[PDB]
A.B. asks: 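The structure follows.
Here is how names work: the chains are called A, B, and so on, in the same order as the sequence lines, proteins then strands, and each is numbered from 1. Note: hydrogens, waters and symmetry copies are ignored here, and every other heavy atom, side chains too, is used.
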Protein chains: 2
Amino acid sequence: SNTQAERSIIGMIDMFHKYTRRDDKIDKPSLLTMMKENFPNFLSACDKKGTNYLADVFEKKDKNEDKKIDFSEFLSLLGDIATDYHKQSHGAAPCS
Amino acid sequence: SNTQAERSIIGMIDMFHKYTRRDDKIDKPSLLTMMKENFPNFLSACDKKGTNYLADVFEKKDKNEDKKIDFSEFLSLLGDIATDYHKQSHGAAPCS
Ligand SMILES: O=S(=O)(O)c1cccc2cccc(Nc3ccccc3)c12
Ligand SMILES: O=S(=O)(O)c1cccc2cccc(Nc3ccccc3)c12
Ligand SMILES: [Ca+2]
Ligand SMILES: [Ca+2]
Ligand SMILES: [Zn+2]
Ligand SMILES: [Zn+2]
């Protein structure tokens, strides 16, 4: 009964919960695992352009520097990845 | 070859582009149409709780008051809907 858009949002929440600890936040090795498992094609397009996105993603997105990614920070990471795909739809190179 | 997470992000960009005008932004009647077509179950759960989410969504999310929703504002709207589903996963009532 859910639409594709509702299923995508529920799916992204359920993906976040594969990787959280008991405080409902994701630690650094779990974030990097999450990226490799769920965004491998995005990560390959970055590598091809000489960008290792996992080198700095945790430090970039851990805004409050508590060394965990909470849901708000995870949504900011998904916004960055979406922004990259949106710019590619307008003719930008991947990972720009 | 895309994963479910990459397909969800590409799908949400493609959904945004069903509803944009030529300036790559969505006007108010098109935003409301987008919500009804793509988030009907979310909108039903809101109605059941006495909240008509379409009454104010455009004015809430049009941050720069140019009377269009651009991609950044659309991503903030998807973050709000995701935040609601995330709170429901933690035992909150829908549309809280
Ligand atoms: O939930 S699914 O319906 O497969 C799904 C549906 C839609 C979007 C999804 C996005 C990321 C991960 C999923 N799978 C997933 C699989 C195991 C645990 C957590 C997420 C997605
Ligand atoms: O693209 S689909 O592969 O169907 C798709 C796949 C994954 C997530 C989607 C989310 C919203 C709309 C879609 N469909 C859609 C259909 C027509 C135009 C724009 C979006 C989604
Ligand atoms: Ca943090
Ligand atoms: Ca605007
Ligand atoms: Zn949670
Ligand atoms: Zn666009």
A.B. asks: Give me the ring orientation class for B:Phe16 and B:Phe74: parallel if the planes are under 30° apart, tilted from 30 to 60°, perpendicular past 60°.
C.D. replies: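 Ring orientation of B:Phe16 relative to B:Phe74: tilted.
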
A.B. asks: Could you pull out the closest heavy-atom pair between A:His17 and B:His90, with the gap in Å?
C.D. replies: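 Looking at all heavy atoms of both residues, the closest pair is NE2-NE2, 3.4 Å.
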
A.B. asks: Side chain, backbone, both or neither: which part of A:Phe71 has an atom under 4.5 Å from a heavy atom of chain B?
C.D. replies: side chain

A.B. asks: Could you give the distance from CG (B:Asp62) to OG (B:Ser76), rounded to the nearest 0.5 Å?
C.D. replies: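 OG of B:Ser76 is found 11.5 Å from CG of B:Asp62.
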
A.B. asks: Tell me, for A:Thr83 versus chain B, whether the close heavy atoms (under 4.5 Å) come from the side chain, the backbone, both or neither.
C.D. replies: both

A.B. asks: Output the distance between atom NZ (B:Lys68) and atom OG1 (B:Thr20), rounded to the nearest 0.5 Å.
C.D. replies: 10.5 Å

A.B. asks: Is any residue of residues 3-15 of chain A within less than 4.5 Å of chain B by heavy atoms, and which ones?
C.D. replies: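 When heavy atoms of chain B are the reference, residues 3-15 of chain A contributes A:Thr3, A:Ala5, A:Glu6, A:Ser8, A:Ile9, A:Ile10, A:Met12, A:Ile13, A:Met15 within the under-4.5 Å range.
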
A.B. asks: Among residues 27-44 of chain A, which ones touch chain B with a heavy-atom distance under 4.5 Å?
C.D. replies: A:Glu37, A:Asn38, A:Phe39, A:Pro40, A:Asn41, A:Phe42

A.B. asks: Go through the steps for B:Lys61 and B:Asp80 under the test salt bridge (charged side-chain N to carboxylate O under 4.0 Å, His left out), then give the verdict.
C.D. replies: CA-CA 10 Å; B:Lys61 296 315 296 185; B:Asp80 294 337; 2.8 Å; yes

A.B. asks: Looking at A:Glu65, I want to see if its CD is surrounded by more than 12 non-hydrogen atoms of other residues, nucleotides or ligands under 6.0 Å.
C.D. replies: no

A.B. asks: Under 4.0 Å between a side-chain nitrogen and a carboxylate oxygen: does that hold for A:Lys25 and A:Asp66?
C.D. replies: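 The answer is yes: the pair qualifies as a salt bridge.
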
A.B. asks: Which atom names give the shortest non-hydrogen contact between B:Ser96 and B:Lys87, and what distance separates them?
C.D. replies: OG-CD, 4.1 Å

A.B. asks: Applying side-chain contact (heavy atoms from CB on, under 4.5 Å) to B:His86 and A:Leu75, what does each step give before you reach the verdict?
C.D. replies: CA-CA 11 Å; B:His86 183 231; A:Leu75 290 182; over 6 Å; no

A.B. asks: For residues A:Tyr53 and A:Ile81, determine if any side-chain heavy atom of one lies less than 4.5 Å from a side-chain heavy atom of the other.
C.D. replies: yes

A.B. asks: Go through the atoms of A:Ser1 and report whether side chain, backbone, both or neither lie under 4.5 Å from a heavy atom of chain B.
C.D. replies: both

A.B. asks: Taking the side chain as C-beta and beyond, is there a heavy-atom pair between A:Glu73 and A:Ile26 under 4.5 Å?
C.D. replies: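 A side-chain contact under 4.5 Å is absent here.
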
